[PDB]
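Worksheet for the structure shown next.
There are 2 protein chains.
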Amino acid sequence: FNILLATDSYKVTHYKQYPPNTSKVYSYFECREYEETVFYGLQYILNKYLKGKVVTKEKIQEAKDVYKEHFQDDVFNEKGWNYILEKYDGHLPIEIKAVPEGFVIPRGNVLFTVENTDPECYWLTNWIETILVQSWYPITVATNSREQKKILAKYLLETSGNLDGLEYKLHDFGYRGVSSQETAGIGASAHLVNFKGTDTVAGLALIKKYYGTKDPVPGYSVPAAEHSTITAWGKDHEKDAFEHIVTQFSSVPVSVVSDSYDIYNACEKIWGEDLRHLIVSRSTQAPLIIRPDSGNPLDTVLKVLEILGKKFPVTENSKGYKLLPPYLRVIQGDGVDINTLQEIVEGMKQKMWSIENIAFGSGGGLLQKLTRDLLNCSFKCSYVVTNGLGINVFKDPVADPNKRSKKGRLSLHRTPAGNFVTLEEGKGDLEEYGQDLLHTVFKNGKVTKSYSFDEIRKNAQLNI
Amino acid sequence: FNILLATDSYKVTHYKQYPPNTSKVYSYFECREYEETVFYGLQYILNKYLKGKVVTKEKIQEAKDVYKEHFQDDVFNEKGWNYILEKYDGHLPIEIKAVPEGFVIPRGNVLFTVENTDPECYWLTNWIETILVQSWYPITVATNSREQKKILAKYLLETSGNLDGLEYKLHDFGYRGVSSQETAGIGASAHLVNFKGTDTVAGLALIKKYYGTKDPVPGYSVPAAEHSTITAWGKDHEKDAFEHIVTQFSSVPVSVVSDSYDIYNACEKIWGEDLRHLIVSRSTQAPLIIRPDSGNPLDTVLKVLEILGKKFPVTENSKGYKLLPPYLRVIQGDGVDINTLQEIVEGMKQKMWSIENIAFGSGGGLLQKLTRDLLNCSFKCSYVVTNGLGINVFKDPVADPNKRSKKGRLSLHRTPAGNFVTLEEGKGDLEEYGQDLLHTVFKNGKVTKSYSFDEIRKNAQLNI
Ligand SMILES: O=C(NC[C@@H]1CCOC1)c1ccc(NC(=O)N2Cc3ccccc3C2)cc1
Ligand SMILES: O=C(NC[C@@H]1CCOC1)c1ccc(NC(=O)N2Cc3ccccc3C2)cc1
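Which chain is which? The protein sequence lines are A and B, in order.
According to the entry's author numbering, the first sequence holds residues 9 to 41, 54 to 484 in order.
According to the entry's author numbering, the second sequence holds residues 9 to 41, 54 to 484 in order.
If you want it as structure tokens, here you go:
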């Protein structure tokens with residue numbers, strides 16, 4: 009990795025564009041005015069990409085050669101980068117202040133600030149905008165995952181009277197549906213801030229190395245079938261495939277994809293009649309989890325439940341909702357996103373089915389179908405010192421008031437009613453509010469403050 | 009990187025689910041049913069993750085320890101992975117056949133096939149589905165980028181009499197808007213299959229290391245301003261910022277963001293009057309590129325052009341379309357995706373503005389706002405050998421005929437009219453359609469066929 013080649017190309021030319029005699033460039037990140057966001061992911065970026073000796077004579081030469089060809093011109097700040105290598109042994113003269121990870125903050129508040137600690141390195145603040153702005157991704161995954169936990173919590177509490185098994189009800193199926201191995205690890209770790217069920221194993225190594233848990237692992241899985249594992253038996257032997265799989269995993273929960281040919285036939289005739297004897301004997305700690313994987317997600321879930329309810333002994337819980345026997349559950353793992361999860365739980369509640377009957381598997385909807393536009397994650401310069409005088413800077417485009425940026429030095433505070441407020445123009449210096457919630461997390465090539473994954477989970481908890 | 013921890017968790021349990029005495033699992037990839057797709061990205065995955073010694077005693081132990089805790093059970097195939105380490109010095113006994121990279125293939129055709137070359141490793145074919153299915157991302161970026169090139173080519177040919185500068189008209193601004201550094205390099209490289217303009221620096225190193233070009237670099241950029249380099253001068257000094265930037269880059273093209281406060285005032289009064297003398301003197305090889313970055317993308321482009329048309333000497337080209345002087349161009353870099361690019365070029369053509377006047381910058385729309393569902397990229401088992409007998413395997417869900425998979429051994433052929441056909445059930449063995457278009461690209465830990473980035477570009481060319 010070469011930090012000199014890890015920026016938007018045009019940033020290579022910005023050192024020549026700032027006002028002459030600029031000694032400070034101060035910038036901030038916010039999710040411009054999903055009412056609240058989970059702040060998560062910065063610690064990973066700081067350790068993997070920004071800390072320690074990030075500049076070497078070889079990295080400077082490599083960048084110089086690439087940029088000469090890329091711009092067809094010598095525009096690269098070799099002097100500037102050589103200064104960092106010589107004065108600081110290649111350590112970044114930058115200070116980053118951030119809200120603690122796992123913190124749940126309303127939209128439109130400062131989440132982190134960046135500034136150079138050496139006047140010569142005024143250009144460095146925004147050089148690293150590209151790498152830091154990528155924090156949008158774990159923030160958005162964590163936020164969108166927490167918003168789904170709120171929906172699940174609400175419906176589980178309404179239909180069952182409690183939150184038992186809430187943290188296993190949204191399972192990450194997104195490993196293949198994501199853009200890269202690195203995204204897989206980041207995205208899966210962000211979902212684990214809220215839940216404990218994952219098949220995206222890449223998330224486990226990321227948490228272990230960069231955050232850490234008291235428990236051996238942050239997430240769990242159960243054996244489950246795939247279409248290859250069912251269809252390999254041949255179309256006439258679906259019942260043999262099912263019998264073999266449930267017999268191999270007789271003492272643990274086992275998920276079995278049942279839509280290879282006809283989901284409704286598999287539920288009614290195969291599980292409900294032919295193999296019913298192998299299901300009703302299962303332990304409560306080892307249910308069969310039937311998995312449909314096609315069709316309209318709500319219509320399929322409802323039809324599968326109506327079939328199962330007629331083949332298996334259903335009870336009515338204390339809330340008046342229908343509950344399958346404990347050795348039998350359902351998992352909807354196709355086309356689940358925040359909108360369809362809401363339609364399913366609401367449709368189940370309308371048909372008097374408890375949310376304890378189901379779990380959801382989400383792939384692309386959980387880790388890939390998200391953009392930087394969803395929470396309007398943006399990094400902008402708000403303060404500069406030129407000719408020794410500090411000036412409050414901002415953008416305010418005439419056609420879009422939503423793109424107006426904050427002015428001056430910023431601080432994040434608790435209001436008297438316990439909400440959040442971002443003070444602008446260095447007004448945090450007046451001791452009118454409590455202490456600034458932004459803490460130094462990075463300074464001069466060193467990570468100064470770290471959070472464990474356990475602290476992050478605690479910070480990200482739902483109120484209920 | 010540990011390939012034993014680079015799969016969906018449930019795949020760890022599949023070796024116990026296949027019919028006993030299975031010696032072969034044969035699977036394929038397709039973009040089920054954007055009528056045609058650019059096949060690109062497999063070579064990167066083969067080299068970075070699949071080739072050479074991918075199994076060690078340490079990797080086996082690491083995976084064993086993680087899975088023991090992750091499943092709260094021992095289900096990990098330690099014996100199977102030890103067999104690969106001992107028999108093949110940790111090299112994967114797998115054969116992968118693929119269509120040449122850069123090839124443009126209609127939807128619903130076999131793109132690549134995977135099979136084990138050792139009977140003991142029947143479970144390996146689908147273990148690596150997760151890593152290979154991630155090919156969806158460079159395929160979709162390359163395809164969506166090529167679809168945008170088709171729109172640009174059509175309107176540029178209609179409004180001017182040619183395609184001059186086509187490969188510089190869609191510039192990648194997506195570095196900050198992607199989910200990770202790895203995604204940035206993959207995605208930017210896929211856009212470079214069709215275009216030559218990029219700010220996502222990460223793409224260059226990927227192409228150099230994994231594909232290669234005759235030219236020193238596959239993509240180019242020009243100096244450009246950002247809001248921080250304009251706004252740092254203070255709200256009353258936007259003219260001073262502009263004058264300094266264009267004087268610093270007087271002999272190369274320079275992009276200048278002009279919407280910090282009022283885009284229309286900046287075009288009419290600042291560029292159009294105050295600084296007009298510094299613009300009209302610029303070389304044809306060094307235009308000023310005005311950059312709006314807010315408001316309705318089409319309305320803003322049209323109003324900016326109407327303003328410039330009244331302040332600068334506009335000509336009428338041979339097709340009857342309006343053309344700015346050669347020292348002046350526009351770049352629309354906000355909210356550009358395939359839909360808005362289409363609306364802008366059509367809106368410009370309706371107002372008699374040539375497409376030579378504009379270039380587009382696309383961030384999230386080009387590299388992030390894409391999912392595996394867009395081209396229905398899917399990997400499925402189509403053939404197995406059990407007890408020495410080959411059987412044609414497929415899924416055919418009752419509620420979704422679109423999810424029905426192909427049967428048996430597959431081959432890709434040219435039809436008599438020069439189109440494509442995927443033959444199923446080993447029918448390629450009949451010499452009725454000539455030779456199979458898939459080639460062995462990987463066999464037993466080695467990459468057996470590779471393509472340069474220049475061959476890929478040639479294969480991906482538009483007919484026009
Ligand atoms: O219900 C479940 N959990 C809640 C509780 C926990 C203890 O049991 C109840 C459950 C858990 C996992 C699964 N996994 C699968 O179905 N996969 C995994 C995966 C990955 C990628 C693609 C496809 C698939 C199919 C299913 C149900
Ligand atoms: O017009 C252009 N090219 C066509 C021809 C080629 C030779 O010159 C004409 C052109 C090229 C680059 C740019 N770059 C920018 O505006 N950036 C870069 C970037 C990155 C990330 C976020 C924001 C921005 C703003 C502008 C215009």
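Idealized CB from N, CA, C, for every residue including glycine.
- When the alpha-carbon of residue 355 of chain A is set against those of A:207, A:26 and A:389, the nearest one is in A:389.
- Nearest C-alpha to residue 376 of chain B among B:85, B:177, B:34 and B:215: B:177.
- At a threshold of 7 Å, residue 242 of chain A counts as near ligand 1, since its beta carbon sits closer than that to one of the ligand's heavy atoms.
- In this structure, residue 16 of chain A has its beta carbon less than 7 Å from a heavy atom of ligand 2.
- Rounded to whole angstroms, residue 302 of chain A and residue 312 of chain A show a C-alpha spacing of 20 Å.
- Distance from the CA of residue 425 of chain B to the CA of residue 211 of chain B, rounded to the nearest whole angstrom, comes to 30 Å.
- Of the residues A:278, A:127, A:106 and A:310, the one whose Cα lies closest to the Cα of residue 58 of chain A is A:127.
- For residue 271 of chain B, the Cβ stays outside the 7 Å cut-off from all heavy atoms of ligand 2.
- Residue-level contact check: residue 414 of chain B touches chain A, since one or more beta carbons of chain A fall below 8 Å from its beta carbon.
- The alpha-carbon of residue 173 of chain B is positioned some 13 Å away from that of residue 380 of chain B.
- Of all C-beta pairs linking the region 211-225 of chain B to the region 158-174 of chain B, three or more are shorter than 8 Å, placing the two stretches in contact.
- In its chain, beyond the 5 residues on either side, 209, 238 and 473 have a beta carbon closer than 6 Å to the beta carbon of residue 227 of chain B.
- Judged by DSSP secondary structure, residue 412 of chain A falls within the beta strand (DSSP E) whose first and last residues are 409-412.
- Secondary structure of residue 217 of chain B (DSSP, three-state): strand.
- Listed along the chain, the chain A residues whose CB falls inside 8 Å of the CB of residue 195 of chain B are 15, 16 and 150.
- Under the 10 Å beta carbon count, residue 25 of chain B is surrounded by 16 or more other beta carbons and is classified as buried.
- Taking the Cα positions, residue 202 of chain A is about 16 Å away from residue 12 of chain B.
- Taking 8 Å as the upper bound for CB-CB distance, residue 20 of chain B and residue 283 of chain A are not in contact here, some 25 Å apart.
- Residue state for residue 127 of chain B is assigned as coil, using DSSP reduced to three classes.
- Here the alpha carbons of residue 15 of chain B and residue 86 of chain B stand approximately 13 Å from one another.
- The region 446-461 of chain A makes contact with the region 428-435 of chain A: 3 or more CB pairs, one atom from each, lie closer than 8 Å.
- For residue 87 of chain B, the CB stays at least 7 Å from every heavy atom of ligand 1.
- DSSP places residue 9 of chain B in the coil class of the three-state scheme, outside both helix and strand.
- Taken through DSSP and simplified to helix, strand or coil, residue 275 of chain B comes out as strand.
- With a threshold of 8 Å between beta carbons, residue 27 of chain B makes contact with chain A.
- Taking every protein chain shown into account, the CB of residue 221 of chain A has 16 or more other CB atoms within 10 angstroms, so this residue is buried.
- Leaving aside the five residues that flank residue 67 of chain B on each side, the residues in its chain whose CB is nearer than 7 Å to its CB run, in chain order, 230 and 467.
- The C-beta distance from residue 252 of chain A to residue 401 of chain B rounds to 6 Å, short enough to fall under 8 Å.
- Contact annotation: residue 420 of chain A and residue 314 of chain B have beta-carbon atoms nearer than 8 Å.
- Contact with chain B is absent for residue 278 of chain A, since none of that chain's Cβ atoms lies less than 8 Å from the residue's Cβ.
- Between residue 82 of chain A and residue 75 of chain A, the alpha-carbon positions lie close to 11 Å from each other.
- Residue 364 of chain A and residue 321 of chain A do touch by the CB rule: their CB atoms are close to 6 Å apart, below 8 Å.
- When secondary structure is reduced to three states using DSSP, residue 26 of chain B falls in the coil class, being assigned neither helix nor strand.
- Within the model, the alpha-carbon separation for residue 169 of chain A versus residue 190 of chain A is close to 8 Å.
- About 5 Å separates the Cβ atoms of residue 373 of chain A and residue 342 of chain A, confirming a contact at the 8 Å cut-off.
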